[PDB]
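Next comes just one chain, in structure tokens: the form deposited in one PDB entry.
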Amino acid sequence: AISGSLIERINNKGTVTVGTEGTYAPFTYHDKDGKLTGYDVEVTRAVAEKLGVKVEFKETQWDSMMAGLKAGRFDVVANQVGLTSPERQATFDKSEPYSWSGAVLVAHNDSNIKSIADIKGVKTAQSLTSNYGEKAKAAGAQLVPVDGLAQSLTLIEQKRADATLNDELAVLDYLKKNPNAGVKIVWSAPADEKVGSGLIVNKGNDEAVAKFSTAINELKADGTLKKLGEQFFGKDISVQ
């Protein structure tokens, strides 16, 4: 490509592009002054400094994200992604994880929905191509497409959908901000089966992955991930 390979740009101190939503607190969002921040964004900035590269974030709709990575929209995705499908496993590589977390199911207060087993045939608001959307599909839910978590919760609040799967920490963050929303966590995925999210690249970039993982390991060792997890979640979620 016109850009040179990713490892060339890492080793030669060029520019790396990163896909992220910018609409998913506390991972990747804009603060009250319009600054792009969130755990994944700040981790990525710290990685870029360790590698001596310029970083540019390409804000992207979730349902365009992994397609975008595959089509060259950006070099890397930083957006709470693990290789959670056989397809992702066949197509992409993931750095050392920077965080571990897992899913929960949200329903309206006073719902009869108690489990991922209870969503067959139920209106379940999701981004279609997320791990959550694909799992809702596998569970036999009737999916209602949306642009992510905040809109899915709007639908449940308004009784326009009945459930959603999403990340525990994103849901808890939302409930801190919206403490009488009318929704609740009704089910949790197993705490010992968390997903490790890392920087995602196309296969064929092994050396670049090693550089990302080395940086992430140093940010763990020097306490940066602990600090950033404190800031965004109130706990360090980088170890497992």
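For the two forms, the rigid core is made up of the largest set of C-alpha atoms that agree within 1.5 Å on superposition. Shifts are known only where both forms have a C-alpha. Throughout, we count residues from 1 along the sequence that is shown.
Higher-B stretch (mean Cα B-factor, as the entry records it), 58-66 or 32-40: Averaged over C-alpha atoms, the B-factors run higher in 32-40.
Stretch exceeding the other in mean C-alpha B-factor - 124-132, 106-114: It is 106-114 that shows the higher mean C-alpha B-factor.
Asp167, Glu87, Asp93, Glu96, ranked by C-alpha B-factor: the highest one: In this record, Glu87 carries the highest C-alpha B-factor of the candidates.
Chain third (lowest, middle, highest) by recorded CA B-factor, residue given as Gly52: Highest third of the chain for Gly52's C-alpha B-factor.
Chain third (lowest, middle, highest) by recorded CA B-factor, residue given as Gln151: Ranked within chain, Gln151 CA B lands in the middle tercile.
Among modelled residues of the same chain, the CA temperature factor third for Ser197: Lowest third - that is where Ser197 ends up once the chain's C-alpha B-factors are sorted.
Chain third (lowest, middle, highest) by recorded CA B-factor, residue given as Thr214: It belongs to the middle third of the chain when residues are ordered by C-alpha B-factor.
Relative C-alpha B-factor of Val16, binned into the chain's lowest, middle or highest third: According to the entry, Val16 has a C-alpha B-factor in the chain's middle third.
A second form of this protein, the form deposited in another entry, is not displayed here; the remarks below concern that form.
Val81 C-alpha moves between this form and the one not shown by 2 Å or more, core aligned: Comparing the forms between this form and the one not shown, which are aligned on their rigid core, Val81 does not shift its C-alpha by 2 Å or more.
CA of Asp31, rigid core aligned, shift of 2 Å or more between this form and the one not shown: Comparing the forms between this form and the one not shown, which are aligned on their rigid core, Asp31 does not shift its C-alpha by 2 Å or more.
Relative Cα spacing, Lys177 and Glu230, in the other entry - shift of 3 Å or more: Note: Cα gap between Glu230 and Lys177 shrinks in the other entry.
CA-CA separation of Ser130 and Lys70, closer or farther in the other entry than in the form shown [shift of 3 angstroms or more]: Result: farther.
Rigid-core superposition between this form and the one not shown, with residue runs of at least 3 whose C-alphas all shift by 2 Å or more: The run that moves is 102-192, and no other.
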